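Here is how the chains run, residue by residue.
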Amino acid sequence: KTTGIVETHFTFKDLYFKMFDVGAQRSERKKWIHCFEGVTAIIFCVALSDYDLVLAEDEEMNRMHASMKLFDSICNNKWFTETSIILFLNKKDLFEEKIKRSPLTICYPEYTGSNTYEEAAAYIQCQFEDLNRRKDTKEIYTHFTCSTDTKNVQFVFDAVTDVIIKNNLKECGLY
Amino acid sequence: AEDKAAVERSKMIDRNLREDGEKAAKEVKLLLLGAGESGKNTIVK
Amino acid sequence: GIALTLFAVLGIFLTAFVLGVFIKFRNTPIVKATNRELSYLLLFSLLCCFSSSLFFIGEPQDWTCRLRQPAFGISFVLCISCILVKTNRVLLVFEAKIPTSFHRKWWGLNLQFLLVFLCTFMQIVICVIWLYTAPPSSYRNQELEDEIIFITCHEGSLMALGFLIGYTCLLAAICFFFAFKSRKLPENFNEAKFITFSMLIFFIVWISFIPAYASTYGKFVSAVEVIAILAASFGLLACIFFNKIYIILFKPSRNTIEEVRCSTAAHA
Amino acid sequence: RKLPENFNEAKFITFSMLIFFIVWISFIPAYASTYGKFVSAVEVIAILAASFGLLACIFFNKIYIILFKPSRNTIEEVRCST
Amino acid sequence: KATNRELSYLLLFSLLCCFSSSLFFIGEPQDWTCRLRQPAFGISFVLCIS
Ligand SMILES: CCCCCCCC/C=C\CCCCCCCC(=O)OC[C@@H](COP(=O)(O)OCC[N+](C)(C)C)OC(=O)CCCCCCC/C=C/CCCCCCCC
Ligand SMILES: CCCCCCCC/C=C\CCCCCCCC(=O)O[C@H](COC(=O)CCCCCCC/C=C/CCCCCCCC)COP(=O)(O)OCC[N+](C)(C)C
Ligand SMILES: CC(C)CCC[C@@H](C)[C@H]1CC[C@H]2[C@@H]3CC=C4C[C@@H](O)CC[C@]4(C)[C@H]3CC[C@]12C
Ligand SMILES: N[C@@H](Cc1c[nH]c2ccccc12)C(=O)O
């Protein structure tokens, strides 16, 4: 019925999680971007299959470049200096299917090498993880989605636990 | 009289405010970003 | 006595050197993983413990027989309490996986010093009570050997001496249980293979010197006491510090944030 | 010491030998100081301490895994081989 | 059976001998006792360490 922020709630191993989806706002990001300060982690999603898809429909903008630009803008905000990012590279089946039909070299002028999933994934990831510059305070966790099993929830739970532990140690001053 | 009623109402409001805040403090908040058609739907499901 | 004096001076020098390294590299992640303030307090207490062995050499005047034991007792209790508080706080931080907690004030920096003071108050109150009521004094014994005169101090209380030893031994024993609980902590925060060895060094030197104290009398008793004190202090210092000092000065590549991030992550 | 084969046996043997060395260096000063009936005692304490050390370090852990503790947990050959 | 089943028995017997050797020291010294104190301990301990 209502538009705007959508909230989903679930409990995993006695931890209560809250997730806010802000994709329906369609307004200036800066005005509402200072309201979300204080979150524990930021979940970020990227599709590998957009390398050879002109999703944007603009010749100048390729979906991968747009995703990289958005990730760069989000990661280096003044407010989110100390919030970690859980990066989810998604759709690894179709991407692996199309690599041999059209290699990864279309997106980047530099060669990925070998035209196969392991090498291609490494090049796309390294290129996404190098966008950050506050390496001292924030870190990125990367998981390739697995549909059948529950690796998706467990990875988020473990990442949140690690973030909480590292936050407490830093406050004590030990870390 | 009126001061007593106001004080009692304030103390009832304050007690409810404290406990609810303590309960909220025990939750983890996550922000889900992503351009549309990036598979956000699959993670949510 | 010259050898004992030289060894005490060397111990003081090495104690000062470790403190100088910690101050030069305070920012480094390895040094910051260990509690820096408690480290300084432990080093100062260790300097006091090493310097307290100089009261056992020379003519035993009355003003020395009262300060021979309590100085060492308080100095060693300070180190034990510092070690205990340093280990319990790391355990409290790691166990708190929960987002929120009531133990926020429990791990506060100021509370640590109060706990170290509470663990030495008992040793301070037995000493003051002992000195006020039945103080030690010097006496000359001509009975042992008809031809030679010896100068020694008589404590005047043997129950008071027993209580200090019992309290120190009790604290050393708890240092075993807290060392045992900490074996599963990650690297750069786990120290369980040194505390137990230091406590065992102390127990073996003192337990070994029981026969001599019960049988021998004369100048030898003081030499045995000095040797035991010096050996215990050296063992504690070495086990606690010389590993980290080596990693910091030699192999400096380890003192990097990436290493400590990789270390803490192994827990999850 | 790094090798994890057989319940960390190398680590245990190394820890046991250090106790022996510590016990015996501490013996020399005690012996010279004692004269009379207690000269004999300084030998029994050393022997007992060393014997209690070696046996406990080498066997305590395996005995727990075998009896008076979980059985069929790490008892399997799989656990001994690794 | 992963460990050697015979060296373990030999080591336990040697440790028993080492434990029992200390009993000879306690007691009024006699000619045969002092001749048998040291060698028993030495042999038993060497048997254990070996
Ligand atoms: C000359 C006369 C002296 C007479 C006394 C001598 C008696 C003989 C001494 C000892 C027998 C036992 C020796 C104990 C050695 C401990 C071994 C050790 O060091 O292993 C270190 C740590 C574990 O290893 P880790 O952390 O590196 O890896 C673990 C990493 N993970 C968890 C991920 C796998 O093990 C731990 O937790 C440590 C747990 C604490 C050990 C308890 C020992 C208590 C001994 C008390 C002696 C008191 C004397 C009695 C007085 C009576 C006189 C009449
Ligand atoms: C962590 C531990 C810290 C401790 C530091 C360890 C290093 C100390 C180094 C040297 C100590 C001082 C040197 C003492 C000389 C003065 C002695 C004295 O003055 O004896 C005076 C005369 O000589 C002597 O009888 C004999 C000298 C003693 C020889 C020791 C025999 C036992 C041997 C051990 C040797 C095997 C070595 C194997 C290595 C083991 C390592 C794992 C009189 O003395 P007395 O009448 O009062 O009693 C005498 C009581 N009776 C007779 C029972 C001794
Ligand atoms: C009761 C005391 C005085 C004598 C017996 C010593 C026992 C309690 C001590 C000595 C060596 C210790 C072991 C040292 C190493 C390890 C490996 C660790 O991963 C689990 C604990 C464990 C297995 C310890 C258990 C307790 C232990 C066996
Ligand atoms: N003479 C004391 C030596 C001593 C002084 N202070 C101590 C503190 C702890 C243990 C021993 C001591 C003893 O009987 O051993």
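Residues numbered from 1 in each chain as written, not as in the entry; some residues may be left out. Chains lettered and ligands numbered in written order. Part of a larger assembly, values for the part shown. Heavy atoms only, no water. Residues with missing side-chain atoms left out of burial classes, pairs and counts.

1. Brief notes about the overall build of chain A
Within chain A, the regular secondary structure consists of five helices and five strands. Put simply, chain A runs from its N terminus to its C terminus through helices and strands in the order β-β-α-β-α-β-α-α-β-α. Each principal axis of the C-alpha atoms in chain A carries an extent, and together these give about 50 × 35 × 35 Å. Put simply, of all contacts in chain A between residues at least 6 apart along the chain, 62% involve residues at least 24 apart. (Helix = DSSP H or I, 4+ residues; strand = E, 2+ residues; numbered from the N terminus. Contact = heavy atoms within 4.5 Å.)

2. A few points about the overall build of chain E
Along the backbone of chain E there are two helices and zero strands. Computed over its C-alpha atoms, the radius of gyration of chain E comes to 14 Å, more than 25% above the 10 Å expected for a compact globule of 50 residues. By its C-alpha atoms, chain E is 45 × 15 × 10 Å across when sized along the principal axes. Looking at chain E residue by residue over its 50 residues, the buried ones come to 26%. Surface exposure of chain E reaches about 3,700 Å², of which carbon and sulfur atoms provide 66%. (Rg over C-alpha atoms; globule rule 2.2 N^0.38 Å. Buried < 20%, exposed > 50% of the residue type's maximum accessible area, 1.4 Å probe, protein only. Areas by Shrake-Rupley, 256 points an atom, 1.4 Å probe, with all protein chains shown as cover.)

3. Brief notes about the state of the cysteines
A full pass over the atoms with the stated rule returns one disulfide over all chains. Between the sulfur atoms of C65 of chain C and its disulfide mate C153 of chain C the distance is 2.0 Å. Every disulfide takes its handedness from the sign of the S-S torsion; for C65 of chain C and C153 of chain C that torsion is -55°, giving left-handed. Residue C65 of chain C is found in helix α4 (residues 62-65), and its partner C153 of chain C is found in strand β2 (residues 150-154); the two are separated by 88 residues along the sequence. There is no disulfide at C79 of chain C, and the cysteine sulfur nearest it, in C49 of chain C, is 5.8 Å away. Take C79 of chain C: its relative accessible area is 1%, and that puts it in the buried class. Residue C57 of chain D stays outside any disulfide, its sulfur separated by 14 Å from that of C48 of chain E, the closest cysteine. Judged by relative accessible area, which is 22%, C57 of chain D ranks as partly exposed. (Disulfide = S-S within 2.5 Å.)

4. Details of the site of ligand 4
Residues and elements named next belong to chain C. Surveying the vicinity of ligand 4 reveals the residues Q69, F72, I165, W206, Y213 and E225. Contact between ligand 4 and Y213: a nitrogen atom at 3.1 Å from a side-chain N or O atom of the residue. In this structure, a nitrogen atom belonging to ligand 4 sits 2.7 Å away from a side-chain N or O atom of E225. In isolation ligand 4 offers 370 Å² of accessible surface; the protein chains occlude 90% of this area. For the shell around ligand 4, the residue count by class is four nonpolar, one polar and one charged. (Near = heavy atom within 4 Å. Polar contact = N/O pair within 3.5 Å; in protein donor to acceptor, adjacent residues only side chain to side chain. Nonpolar A, V, L, I, M, F, W, Y, C, P; charged D, E, K, R; others polar.)

5. A look at helix α3 (residues 41-66) of chain D
Helical geometry note: an α-helix holds 3.6 residues per turn, so side chains three or four residues apart project in the same direction. Taking 1.5 Å of rise per residue, 26 residues should cover 38 Å, and α3 of chain D covers 37 Å from first to last C-alpha, within 8% of that figure. Following α3 of chain D by one or two positions, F68 of chain D has its phi on the positive side, about 65°. (Expected span 1.5 Å × (residues − 1).)

6. Some remarks on a nonpolar patch on the surface
Residues and elements named next belong to chain E. Taken together, the side chains of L23, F24, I26, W32 and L36 present a nonpolar region at the surface, about 530 Å² in accessible area. With respect to the helices and strands, the residue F24 is situated in the loop between α1 (5-21) and α2 (31-49). For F24, a relative accessible area of 35% gives the class partly exposed. (Patch = residues over 30% accessible without salt bridge, like charges linked within 9 Å, V, L, I, M, F, W, Y side chains within 5 Å. Salt bridge = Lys/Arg side-chain N within 4 Å of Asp/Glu carboxyl O.)

7. Here's the deal with the sheet that holds strand β1 (residues 28-32) of chain B
Strand order across the open sheet formed by six strands is β1(A)-β2(A)-β1(B)-β3(A)-β4(A)-β5(A), with mixed pairing between neighbours. Here the strands that pair on one side only, and so sit at the sheet edges, are β1 (6-11) and β5 (140-144) of chain A. Mean inter-strand twist for the sheet, computed between neighbouring axes without regard to direction, equals 25°. Across six bridges, the pairing between β1 of chain A and strand β2 (residues 16-21) of chain A is antiparallel. (Pairing = 2+ DSSP bridges. Axes fitted to C-alpha atoms, helices over the stretch in contact; angles between N-to-C directions.)

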